[PDB]
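Subsequent text provides structure tokens for two forms of one protein chain, presented individually as structure 1 and structure 2.
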Structure 1
């Protein structure tokens, strides 16, 4: 046995997603605080992070069951009502659909946000 090089999937996904969508760290910091803008460098970044855990496919379809598994116990009941209101996604393109979803979630549950 030789020590392997270890890769944190979350870290590697954020590095890749930020590079593939031209996202700045300031932008990521804003997103991590729940502050969003309808600009692809933000919204396609969010999309990219969701897709890397199979929370969305490549056609903006969100997998509710995968999402529920990730959420903590204390948010399960609320999450079911919020996703019932906010899914299926709708918008102008893949990334705007994810924008609209995020905004729908914030409207329904203004005290809840997450970072992957």
Structure 2
């Protein structure tokens, strides 16, 4: 469902986030396929990229309105349903909060789940 335009929009932040955190594309592909581990090089990548687009703040609180703003209408209240379950975020730090959120969302909605 993700438009191709999104890929060029995120390219610059994706490069920076991967470089900052030691992330490999293979780690991203693995999360993308539903396999999540609590490794900072991928969890901090996910936090990094969300933050770059104002989807989370300095304590990994999710901005639900901006998030709903970005999704298409067909997912718009599946997402509200998933956010009801999975928010607020909780964890030992920003990266771990996003790990637990990722775990929750992908379990709650696997056929829509993805990470760029």
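Only the largest set of C-alpha atoms that superpose within 1.5 Å between the two forms is called the rigid core. Residue numbers count along the first chain shown, from 1.
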Residue from 88, 69, 34, 40 whose Cα, after superposing the rigid core, lies 2 Å or more away between structures 1 and 2: 34
Residue 9 C-alpha shift between structures 1 and 2 of 2 Å or more, rigid core reference: yes
Between structures 1 and 2, how far the Cα of residue 97 shifts once the core is aligned, in Å: 0.4
Per-residue CA shift, residue 58 (Å; core superposed between structures 1 and 2): 1.5
